[PDB]
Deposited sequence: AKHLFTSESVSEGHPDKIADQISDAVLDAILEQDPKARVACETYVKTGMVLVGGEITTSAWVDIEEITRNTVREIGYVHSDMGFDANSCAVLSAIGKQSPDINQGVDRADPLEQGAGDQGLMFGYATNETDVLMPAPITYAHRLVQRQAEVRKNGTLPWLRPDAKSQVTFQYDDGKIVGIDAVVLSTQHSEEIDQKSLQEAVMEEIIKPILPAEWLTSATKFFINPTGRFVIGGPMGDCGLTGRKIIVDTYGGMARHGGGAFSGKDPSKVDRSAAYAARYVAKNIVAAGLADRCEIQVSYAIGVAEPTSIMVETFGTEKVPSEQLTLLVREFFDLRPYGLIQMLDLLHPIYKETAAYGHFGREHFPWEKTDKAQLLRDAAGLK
């Protein structure tokens, strides 16, 4: 049966992502010097202004200003006529520093409560929903061609949204595509439309999916010239769905960036991506969504639900069974199973935390063991 579904993505340099990247840049920077630092670092950015505020608990000494400005420059906001300059905006910070003050460390309990969700589906090479995969790929492409002089009239800020029509479970093709890139005053709009069609859209989207019918909307309102923080507000934790799975699978409250791995909100979610992906690369089901939860000071998850939406090749009790045998879902266990105490996190902060294959949670190393304990098959 037909039905359509949509998902959105935004580039590096959309204001909430500028915030996400800065936070994580500070997370990495401390993790480089002190892999066991506790950090929670929420950023806010606004037209003149980056306020990076935190509670951090570490040895490390790190230069918030310098870190901030460098990140703003990588994204490329470097002159007042863009809307924001990395070399002259104000960076205020408000980071409270705490200097660091059971038998089996794996038994330490959850830092805070929470529910968190993970998905995979075999609809993609990366085991991700197609819409969120393609939306991310449009916006990536736009930062790519910007950065590499191909299309150098184009400025950082940009959104993509792709809407896919499916008949039963099966992607039929692409009903609409929308892309809106900040660009210089130099280029004008029909010429831009050809360019993004040539260079961002046609080389990313599968042709078989595009038809005579695909409604494309490229800068629909025209002249997107000042963007980024100018006239807008980024805060960490706002593009929370884009981070995940574009609205295909569910979400607990929680944001990732600027939280170190002791934070279940990040880790437990990475681990759930990891269990669900392994469940599917193993041929245990076609789609798998999984809810974990935790309660403060208990170590075991208060809840595990698995939902393979009628797509299992083994009954489900047996599934949740081996969910538990192959995975240490306790707070310190996650951190062990995925080897998290490293400065890996800024790369996460833009184009999808998931679907991207060199992160510890994307590897399908438990594939076979899951298969051949799922009976033997």
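Not built in the structure, per the record, is the single deposited stretch 102-107.
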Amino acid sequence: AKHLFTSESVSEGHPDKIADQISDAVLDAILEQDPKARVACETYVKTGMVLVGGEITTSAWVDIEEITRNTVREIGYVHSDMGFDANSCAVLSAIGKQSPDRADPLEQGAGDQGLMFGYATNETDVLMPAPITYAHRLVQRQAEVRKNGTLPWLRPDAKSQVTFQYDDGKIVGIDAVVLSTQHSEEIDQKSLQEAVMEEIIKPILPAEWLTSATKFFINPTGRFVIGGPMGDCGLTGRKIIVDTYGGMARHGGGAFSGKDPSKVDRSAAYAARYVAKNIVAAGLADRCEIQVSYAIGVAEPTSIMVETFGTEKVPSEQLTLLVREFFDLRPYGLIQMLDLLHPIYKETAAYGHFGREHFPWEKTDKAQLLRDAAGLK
From here on, numbers count along this sequence of modelled residues.
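Throughout, rigid core stands for the largest set of C-alpha atoms superposing within 1.5 Å between the two forms.
Per-stretch RMS Cα distance to the displayed form in 6 other deposited structures of this protein, following rigid core alignment, is highest for 91-99 when 117-125 and 91-99 are compared. Per-stretch RMS Cα distance to the displayed form in 6 other deposited structures of this protein, following rigid core alignment, is highest for 103-111 when 103-111 and 174-182 are compared. Relative to its counterpart among 7-15 and 361-369, 361-369 has the higher mean temperature factor, C-alpha atoms as listed in the PDB entry. Stretch comparison (188-196 versus 113-121) by mean CA B-factor in the PDB entry places 188-196 on top. Highest CA B-factor among 152, 131, 229, 252, as stated in the entry: 152. Within the selection 338, 29, 321, 45, the deposited Cα B-factor values reach their highest point at 321.
Per the deposited record, the Cα B-factor of residue 313 falls in the highest third when ranked against the other modelled residues of its chain. Per the deposited record, the Cα B-factor of residue 79 falls in the highest third when ranked against the other modelled residues of its chain. For residue 262, the recorded CA B-factor ranks within the lowest third of the chain. Only modelled residues enter the ranking. In this PDB entry, residue 347 carries a Cα temperature factor that places it within the middle third of its chain's modelled residues. Sort the chain's modelled residues by C-alpha temperature factor and residue 235 lands in the lowest third, per the entry.
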